[PDB]
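A short worksheet on the structure shown next.
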Amino acid sequence: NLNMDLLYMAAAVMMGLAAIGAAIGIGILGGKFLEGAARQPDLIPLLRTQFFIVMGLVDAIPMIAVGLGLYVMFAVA
Amino acid sequence: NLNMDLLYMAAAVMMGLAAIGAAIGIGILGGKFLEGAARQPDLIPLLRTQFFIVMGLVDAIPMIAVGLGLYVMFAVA
Amino acid sequence: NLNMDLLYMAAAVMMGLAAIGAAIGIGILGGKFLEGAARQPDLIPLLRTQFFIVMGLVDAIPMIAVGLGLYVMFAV
Amino acid sequence: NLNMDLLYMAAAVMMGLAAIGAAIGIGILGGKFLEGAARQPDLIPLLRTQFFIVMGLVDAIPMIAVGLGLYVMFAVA
Amino acid sequence: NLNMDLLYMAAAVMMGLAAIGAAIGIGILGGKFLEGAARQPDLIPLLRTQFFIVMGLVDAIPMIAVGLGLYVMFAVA
Amino acid sequence: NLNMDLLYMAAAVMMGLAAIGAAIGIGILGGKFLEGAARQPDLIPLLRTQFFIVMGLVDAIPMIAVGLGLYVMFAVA
Amino acid sequence: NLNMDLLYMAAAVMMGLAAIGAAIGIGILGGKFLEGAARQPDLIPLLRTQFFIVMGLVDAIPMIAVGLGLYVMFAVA
Amino acid sequence: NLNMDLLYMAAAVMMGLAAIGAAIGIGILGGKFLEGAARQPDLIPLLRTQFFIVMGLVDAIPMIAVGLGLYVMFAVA
Amino acid sequence: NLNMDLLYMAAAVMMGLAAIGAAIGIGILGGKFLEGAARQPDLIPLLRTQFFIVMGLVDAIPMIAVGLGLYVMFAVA
Amino acid sequence: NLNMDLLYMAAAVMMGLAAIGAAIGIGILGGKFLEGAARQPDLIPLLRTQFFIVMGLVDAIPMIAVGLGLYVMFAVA
Amino acid sequence: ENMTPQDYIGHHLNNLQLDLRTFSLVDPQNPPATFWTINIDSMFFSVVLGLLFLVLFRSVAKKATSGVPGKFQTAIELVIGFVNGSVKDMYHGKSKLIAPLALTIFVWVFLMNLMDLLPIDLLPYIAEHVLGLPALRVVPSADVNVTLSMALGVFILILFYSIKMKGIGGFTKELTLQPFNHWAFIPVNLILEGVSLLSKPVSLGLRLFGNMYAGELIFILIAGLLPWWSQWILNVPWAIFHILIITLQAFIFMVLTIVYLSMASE
Amino acid sequence: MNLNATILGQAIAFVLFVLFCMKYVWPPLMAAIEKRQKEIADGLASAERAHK
Amino acid sequence: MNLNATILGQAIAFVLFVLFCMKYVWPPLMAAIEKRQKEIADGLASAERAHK
Amino acid sequence: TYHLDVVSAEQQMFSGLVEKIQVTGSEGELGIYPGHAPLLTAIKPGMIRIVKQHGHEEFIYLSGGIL
């Protein structure tokens, strides 16, 4: 039975830590982007481009985590 | 009984960690938004729009975690 | 029996981590609010509006966590 | 029996996390208060009002945790 | 018997988390107080007054936690 | 036999921690990248090179961790 | 009698969290003290006074934790 | 079970904590690298040389845990 | 079997947390020291004399935990 | 058999915590070193001397933890 | 005398309780169950120290001169002006109560803490052997019941002043409407502000209790565990630190009392 | 530790030391200190008035 | 355990603590009192000079 | 509204009451509403936006200075 039960916890930890990492990293990076926007409002279309360029790197691993969590919760269950 | 007593802890880890991540990430981002808005009251709506844009990125993974924690807690029971 | 006491442990984990989140994030936000008020003391009524705007989304998840803690605790 | 030994542990974890949260949140908020007073101490009476106005919300939830921890320790026992 | 083993651990968790919270909160607040005192000597007494105003609020929940951990240690176990 | 679940648990831990680190370190580094880019908006092609030069180092150990987590999950388990 | 090893663990956790709290609080506080000295090097004997006044509070809870952990580890065990 | 599964958990802990440290320390360090490179866009070679000098020391002690976790998984288990 | 083993686990947790505490605290303290040395290099011989004083307090409490971890491992066996 | 198989986990805990502590401490220290080197580039050979001075104190506690973790793994288990 | 070190440390944490049902001394080995069992050692040392404070201050308040003050009068007036300035700095009302209340709090708590410095087993030894009493511990502030006693008194003052200086109407408004300011959030607002009101006195009492208790408990440990020839090198570096603690833990009590009473009315 | 009736006995000792202090101890000491302060202040004030 | 040895070690440590006190804690207090009587005498001296 | 003065070393360039201004401060664009906390900063060369009471905007070109 435990082969069924524990897996929901093993995905629980994965999708908790993924959420903390992604939320905190994007919060920091977006905060710096916002302070840059407030000072150089004209550069907004440039800083936004660079912000999106960089965000895909922080979002890289957390989505491995979240997809493996969904798999384990539904695929192997 | 023996089975269900652990799925509520599986939900608990997901949602505690997701609440921490989302709360602190939005806290940082909103703090930077308020600083930039306190420098320039005139840009407040533009900074608000950029804030809401980035904030959608902020709580995506946290909200996947909230959905799956509610699922486990009310659909797998 | 062993069933119920673990429910309270999970409820405690939920409602403690929610407290951590909702305290630290609103502290980080209110510190910036306060320095901005000390900077533009006339715009205080204007800045407090945005402060609550963002406070709501900060509290978004901790409140779901709290309601599920109370559910697990008393409703099952 | 095991019930009280585990319930004391549940209350312990709940109040411990509540204390960490409330203490660090009011510590940050107060650090900002003190810096804003240090720059100009005639706004002490005003910053010290906004300070409580915000501390009332900073310590909202942590006292929900304390409130239920005390309940579990003294009412559920 | 089984009681004291777990009860001592519960008190231990409680007071460890209390020690983390109070120490870090007072560290931040005192760091800001000392930077303010270095910025503007001759205001040391007024800033110290305000510092104690805040420090009194910081340590509340940690001190309830310390009190109840000692209660558990020397009253229940 | 029951052994197989602890391997998934171990990979969950390993990859979650690798995700935490790989997210937050790059979050900081990119926040500073943007902060530097807002200052000298013409030095983006240079700062953006130095950024990858350093970012190669940040994610290495997280990448080792992620690969070993994947091996443990699919190959061994 | 299994009782003893668990009490040793309960003392270890108390003293470890106390060590973390009392080390990081005083590190943050001493960093601000030192940057204050760098600015007003002739005021050092006054900021040492204020620093020792405040540090007696950072070590309030951590030293109680150390005492009770050292107690449980010897007196009880 | 107990033999093989726990060793994978020990490696998981080792190479998750090593990931945390080796990621966040280099993120912090590279943030200041990129700030200096934004203040002094001529020094970039000198500052990157200093950055590698220190980064070797930063990453060194995580790598002990990395090699040792690979050893534990493959050599021991 | 498991009586002597777990003593090593308690020593491990104790020394691990002590190491984190002393490491992070002296890291912050020496960071502020280096900043003060950079701003006024001709003042270094005094800031170092104050740095050692503070550092003595910082690590002081992590080091009795170090002593007790060594005690638990060797002396209690 | 569980006795030494868990000693492997104990060394894992100990030296993983040591790893993150030393890594983050040196990261902060080096970040401040680089900022100093950026403010006074004529001064690098002195600030690096001081940095090596204090980096020996930072890791001092981490290094013995590494020694003891390696010992527990190879010598004991 | 078969004192095992774990048992000697035990006897030191025993109060000298007297039972009020029969006015009899509660023996350490069996603790009777009841709420009616006064801790006698502490209440004595507490009333005695308050009497010593009041006598010392009165034998000068009845003589103080406006010329060049004596070397003893000067020491008292120093602390008088210190407490008076701490009050003036944090209170502007006309109440005559606040200043003497803070003076008594500061000096009395300071003296009670001062007991912590004496050799642990001096008075307990004299109390067992010379008099015959079964147990004694001589630090009043290292006991729960006195500290929260003062906290509850100050709490009743908090309520008295909150009612007087803004009336039941403003008091009920503050309790309910804050901090969310909407009548929708009143139900929750009462819990937060209600306990947060309760948090002040409880935390006040426990800040003093925990510190004094666990600063005493060290001397009991250093005394019992280490051999006589090694006790000093760990004892004196602890008392040199508790000399700072005893002062700070009385000054903080005074200051927070002043603050709670002044922020209640204004 | 263990709560006791002593929390009640100590509330008697506390209140009584606050009343006797409030009445007898504080008022006279502050009276004497203010009596010194006033004399030096106004004496020097008279001194600077006559100088002009 | 022998209890007399503990009473010996506590006496040793108390002697050492008193010897620290006399030479680091007491001199400051007497200095403060002496300096406040110096101040008060001068301030009375101010009123005497003012009468002159 | 508050009182703004723009003065060169040679001649006065502006005066009067103002609703707000926008300057390109040294560390980044900046905006001074009434009651603003005491601030001191260098400003980069460029235009300074004024909106005189009753909303009358005007631009002055400043080669630089200290605000």
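Going by the structure tokens order, chains are called A, B, ..., each with residues numbered from 1, while ligands are numbered from 1 in the order shown.
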- Item | Shell around residue 57 of chain K at 12 Å using only C-alpha atoms, local window under 3 positions removed, as a ChimeraX atom specification | /K:50-54,60-64,72-77,79-80,100,103-104,107-108 /L:20-22,24-29
- Could you give me, as number ranges by chain, the residues within 7 Å of residue 47 of chain G, counting only C-alpha atoms and dropping anything in the same chain fewer than 4 positions from it? G: 33, 43, 51
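Distance annotation: of H:17, H:50, H:7, H:23, the residue with the minimal separation from residue 36 of chain H is H:50; atom set is only C-alpha atoms.
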Please report as CSV every residue of chain I lying within 7 Å of chain G, along with the nearest atom pair and their distance in Å (one decimal), using only C-alpha atoms.
```
residue,atom,partner,partner_atom,distance
I:3,CA,G:5,CA,6.5
I:6,CA,G:5,CA,6.7
I:7,CA,G:5,CA,6.5
I:10,CA,G:9,CA,5.0
I:13,CA,G:12,CA,6.9
I:14,CA,G:16,CA,5.0
I:17,CA,G:16,CA,5.0
I:18,CA,G:19,CA,5.6
I:20,CA,G:20,CA,6.8
I:21,CA,G:20,CA,4.1
I:22,CA,G:23,CA,5.8
I:24,CA,G:24,CA,6.5
I:25,CA,G:27,CA,4.3
I:26,CA,G:27,CA,6.2
I:28,CA,G:27,CA,5.9
I:29,CA,G:31,CA,4.6
I:32,CA,G:31,CA,5.1
I:33,CA,G:34,CA,6.4
I:36,CA,G:38,CA,5.3
I:54,CA,G:30,CA,6.3
I:58,CA,G:23,CA,5.1
I:59,CA,G:23,CA,6.4
I:61,CA,G:19,CA,5.9
I:62,CA,G:19,CA,4.9
I:65,CA,G:15,CA,6.4
```
- Counting only C-alpha atoms, what is within 7 Å of segment 18-33 of chain N, bar same-chain residues fewer than 6 positions away, as a VMD selection string? (chain A and resid 39 to 40) or (chain B and resid 39 to 40) or (chain N and resid 1 to 4 41 to 44 48 to 53)
Least-squares Cα fit of chain L to chain M, output as a CSV table (one decimal) with C-alpha atoms, in the first residue's frame:
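Below you can see result24.csv, which holds the result:
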```csv
chain,number,residue,atom,x,y,z
L,1,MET,CA,22.5,18.4,53.2
L,2,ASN,CA,25.8,16.8,52.0
L,3,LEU,CA,29.0,18.9,52.1
L,4,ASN,CA,31.1,18.6,49.0
L,5,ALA,CA,34.3,19.7,47.2
L,6,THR,CA,32.1,22.4,45.6
L,7,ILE,CA,32.7,24.6,48.7
L,8,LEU,CA,36.2,24.9,47.4
L,9,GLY,CA,35.5,25.4,43.7
L,10,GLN,CA,33.1,28.2,44.6
L,11,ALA,CA,35.8,30.0,46.6
L,12,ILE,CA,37.8,30.4,43.4
L,13,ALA,CA,34.8,31.9,41.6
L,14,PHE,CA,34.0,34.2,44.5
L,15,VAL,CA,37.5,35.7,44.9
L,16,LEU,CA,37.9,36.3,41.2
L,17,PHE,CA,34.7,38.2,40.8
L,18,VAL,CA,35.7,40.5,43.7
L,19,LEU,CA,39.0,41.5,42.2
L,20,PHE,CA,37.7,42.2,38.7
L,21,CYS,CA,34.8,44.1,40.2
L,22,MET,CA,36.9,46.0,42.7
L,23,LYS,CA,39.3,47.2,39.9
L,24,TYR,CA,37.2,47.8,36.9
L,25,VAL,CA,33.5,48.0,37.8
L,26,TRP,CA,33.3,50.1,40.9
L,27,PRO,CA,36.0,52.8,40.6
L,28,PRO,CA,34.8,54.2,37.2
L,29,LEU,CA,31.1,54.2,38.2
L,30,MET,CA,31.7,56.0,41.4
L,31,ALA,CA,34.0,58.4,39.5
L,32,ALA,CA,31.3,59.3,37.1
L,33,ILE,CA,28.7,59.8,39.8
L,34,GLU,CA,31.0,62.0,41.9
L,35,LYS,CA,31.9,63.9,38.8
L,36,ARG,CA,28.2,64.8,38.3
L,37,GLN,CA,27.7,65.6,42.0
L,38,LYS,CA,30.7,67.9,42.2
L,39,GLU,CA,29.7,69.8,39.1
L,40,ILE,CA,26.2,70.6,40.3
L,41,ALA,CA,27.4,71.4,43.9
L,42,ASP,CA,30.1,73.8,42.9
L,43,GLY,CA,28.2,75.4,39.9
L,44,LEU,CA,25.3,76.4,42.3
L,45,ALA,CA,28.0,77.5,44.9
L,46,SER,CA,29.5,79.8,42.2
L,47,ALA,CA,25.9,81.0,41.4
L,48,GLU,CA,25.1,82.0,45.1
L,49,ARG,CA,28.6,83.7,45.5
L,50,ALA,CA,28.1,86.0,42.5
L,51,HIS,CA,24.5,86.8,43.6
L,52,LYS,CA,25.9,88.3,46.8
```
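When the distance limit is 12 Å and only C-alpha atoms are what count, the residues near residue 71 of chain C, minus those fewer than 6 positions from it on the same chain, are residues 8, 12, 70, 73 and 74 of chain B; 7, 8, 10, 11, 12, 14, 15, 64 and 65 of chain C.
Distance-wise, atom CA of residue 75 of chain G and atom CA of residue 6 of chain K end up 5.0 Å apart.
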- Message: Just the number, please: distance in Å from atom CA of residue 261 of chain K to atom CA of residue 158 of chain K, one decimal.
- Response: 5.8 Å
- Task: From the DSSP assignment of the backbone, select every residue of chain N that is strand (DSSP E), and format the answer as number ranges by chain.
- Result: N: 2-3, 6-7, 12-14, 17-25, 28-32, 42-43, 46-52, 56-62, 65-66
Using the selection just defined, write its residues with N, CA and C atoms as an mmCIF file, in the first residue's frame.
```
data_model
loop_
_atom_site.group_PDB
_atom_site.id
_atom_site.type_symbol
_atom_site.label_atom_id
_atom_site.label_comp_id
_atom_site.auth_asym_id
_atom_site.auth_seq_id
_atom_site.Cartn_x
_atom_site.Cartn_y
_atom_site.Cartn_z
ATOM 1 N N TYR N 2 4.999 74.117 -3.595
ATOM 2 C CA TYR N 2 6.222 74.519 -2.912
ATOM 3 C C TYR N 2 6.947 75.539 -3.776
ATOM 4 N N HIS N 3 8.017 76.111 -3.234
ATOM 5 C CA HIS N 3 8.771 77.153 -3.921
ATOM 6 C C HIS N 3 10.045 76.571 -4.520
ATOM 7 N N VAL N 6 15.652 77.899 -9.514
ATOM 8 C CA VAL N 6 16.713 77.422 -10.388
ATOM 9 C C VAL N 6 17.660 78.588 -10.602
ATOM 10 N N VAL N 7 18.876 78.459 -10.092
ATOM 11 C CA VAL N 7 19.847 79.541 -10.090
ATOM 12 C C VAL N 7 21.151 79.023 -10.666
ATOM 13 N N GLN N 12 19.739 84.197 -12.086
ATOM 14 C CA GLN N 12 18.614 83.361 -11.702
ATOM 15 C C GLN N 12 17.841 82.932 -12.943
ATOM 16 N N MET N 13 17.530 81.639 -13.036
ATOM 17 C CA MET N 13 16.895 81.090 -14.225
ATOM 18 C C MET N 13 15.401 80.852 -14.075
ATOM 19 N N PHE N 14 14.874 80.847 -12.853
ATOM 20 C CA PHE N 14 13.456 80.597 -12.634
ATOM 21 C C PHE N 14 13.138 80.888 -11.176
ATOM 22 N N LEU N 17 6.165 79.307 -7.339
ATOM 23 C CA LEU N 17 5.610 78.097 -6.759
ATOM 24 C C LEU N 17 5.402 77.052 -7.845
ATOM 25 N N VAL N 18 5.343 75.790 -7.426
ATOM 26 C CA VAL N 18 5.286 74.680 -8.366
ATOM 27 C C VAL N 18 4.450 73.566 -7.754
ATOM 28 N N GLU N 19 3.825 72.774 -8.625
ATOM 29 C CA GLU N 19 3.110 71.583 -8.189
ATOM 30 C C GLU N 19 4.066 70.408 -8.031
ATOM 31 N N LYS N 20 4.931 70.195 -9.018
ATOM 32 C CA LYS N 20 5.888 69.099 -8.996
ATOM 33 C C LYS N 20 6.940 69.373 -10.060
ATOM 34 N N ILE N 21 8.005 68.572 -10.044
ATOM 35 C CA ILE N 21 9.018 68.605 -11.090
ATOM 36 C C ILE N 21 9.492 67.186 -11.350
ATOM 37 N N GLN N 22 10.159 67.005 -12.486
ATOM 38 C CA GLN N 22 10.808 65.741 -12.815
ATOM 39 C C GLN N 22 12.232 66.037 -13.264
ATOM 40 N N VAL N 23 13.203 65.508 -12.531
ATOM 41 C CA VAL N 23 14.616 65.691 -12.832
ATOM 42 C C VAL N 23 15.233 64.336 -13.134
ATOM 43 N N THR N 24 16.292 64.345 -13.938
ATOM 44 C CA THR N 24 17.049 63.129 -14.229
ATOM 45 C C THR N 24 18.225 63.065 -13.265
ATOM 46 N N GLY N 25 17.942 62.700 -12.019
ATOM 47 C CA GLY N 25 18.985 62.656 -11.015
ATOM 48 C C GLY N 25 20.131 61.756 -11.423
ATOM 49 N N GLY N 28 19.353 58.241 -11.370
ATOM 50 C CA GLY N 28 18.212 57.872 -12.183
ATOM 51 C C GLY N 28 17.093 58.888 -12.147
ATOM 52 N N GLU N 29 16.198 58.834 -13.135
ATOM 53 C CA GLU N 29 15.089 59.775 -13.211
ATOM 54 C C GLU N 29 14.410 59.897 -11.856
ATOM 55 N N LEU N 30 13.845 61.070 -11.591
ATOM 56 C CA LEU N 30 13.405 61.393 -10.246
ATOM 57 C C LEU N 30 12.281 62.417 -10.300
ATOM 58 N N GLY N 31 11.450 62.416 -9.261
ATOM 59 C CA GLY N 31 10.304 63.305 -9.215
ATOM 60 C C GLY N 31 10.004 63.816 -7.821
ATOM 61 N N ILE N 32 9.921 65.135 -7.672
ATOM 62 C CA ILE N 32 9.830 65.786 -6.370
ATOM 63 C C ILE N 32 8.422 66.354 -6.217
ATOM 64 N N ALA N 42 23.256 65.162 -7.209
ATOM 65 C CA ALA N 42 23.628 65.690 -8.509
ATOM 66 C C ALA N 42 22.630 65.235 -9.561
ATOM 67 N N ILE N 43 22.546 65.995 -10.648
ATOM 68 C CA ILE N 43 21.605 65.723 -11.727
ATOM 69 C C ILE N 43 22.340 65.809 -13.050
ATOM 70 N N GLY N 46 20.359 67.757 -19.128
ATOM 71 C CA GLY N 46 19.122 67.436 -19.804
ATOM 72 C C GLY N 46 18.028 68.408 -19.414
ATOM 73 N N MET N 47 16.816 68.078 -19.843
ATOM 74 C CA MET N 47 15.653 68.903 -19.564
ATOM 75 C C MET N 47 15.118 68.634 -18.165
ATOM 76 N N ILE N 48 14.599 69.678 -17.531
ATOM 77 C CA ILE N 48 13.895 69.564 -16.261
ATOM 78 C C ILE N 48 12.461 69.998 -16.495
ATOM 79 N N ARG N 49 11.519 69.122 -16.167
ATOM 80 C CA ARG N 49 10.110 69.417 -16.365
ATOM 81 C C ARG N 49 9.547 70.138 -15.154
ATOM 82 N N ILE N 50 8.920 71.280 -15.390
ATOM 83 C CA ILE N 50 8.194 71.996 -14.354
ATOM 84 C C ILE N 50 6.735 72.008 -14.752
ATOM 85 N N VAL N 51 5.859 71.930 -13.759
ATOM 86 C CA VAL N 51 4.449 72.231 -13.945
ATOM 87 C C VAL N 51 4.079 73.287 -12.923
ATOM 88 N N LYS N 52 4.018 74.533 -13.373
ATOM 89 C CA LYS N 52 3.716 75.640 -12.488
ATOM 90 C C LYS N 52 2.283 75.510 -12.005
ATOM 91 N N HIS N 56 0.741 74.667 -15.600
ATOM 92 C CA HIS N 56 1.454 75.224 -16.745
ATOM 93 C C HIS N 56 2.829 74.579 -16.836
ATOM 94 N N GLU N 57 2.956 73.599 -17.724
ATOM 95 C CA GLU N 57 4.228 72.926 -17.922
ATOM 96 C C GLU N 57 5.220 73.833 -18.639
ATOM 97 N N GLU N 58 6.497 73.691 -18.294
ATOM 98 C CA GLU N 58 7.573 74.296 -19.064
ATOM 99 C C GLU N 58 8.830 73.469 -18.874
ATOM 100 N N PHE N 59 9.671 73.464 -19.900
ATOM 101 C CA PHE N 59 10.934 72.743 -19.874
ATOM 102 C C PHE N 59 12.077 73.742 -19.798
ATOM 103 N N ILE N 60 12.999 73.510 -18.879
ATOM 104 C CA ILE N 60 14.260 74.230 -18.847
ATOM 105 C C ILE N 60 15.357 73.224 -19.136
ATOM 106 N N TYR N 61 16.356 73.655 -19.895
ATOM 107 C CA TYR N 61 17.499 72.817 -20.220
ATOM 108 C C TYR N 61 18.608 73.141 -19.236
ATOM 109 N N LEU N 62 19.043 72.134 -18.491
ATOM 110 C CA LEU N 62 20.067 72.296 -17.475
ATOM 111 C C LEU N 62 21.283 71.486 -17.881
ATOM 112 N N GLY N 65 23.950 70.106 -12.439
ATOM 113 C CA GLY N 65 23.965 70.844 -11.195
ATOM 114 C C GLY N 65 23.622 69.936 -10.032
ATOM 115 N N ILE N 66 23.416 70.564 -8.885
ATOM 116 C CA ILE N 66 23.122 69.867 -7.644
ATOM 117 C C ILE N 66 21.743 70.303 -7.188
#
```
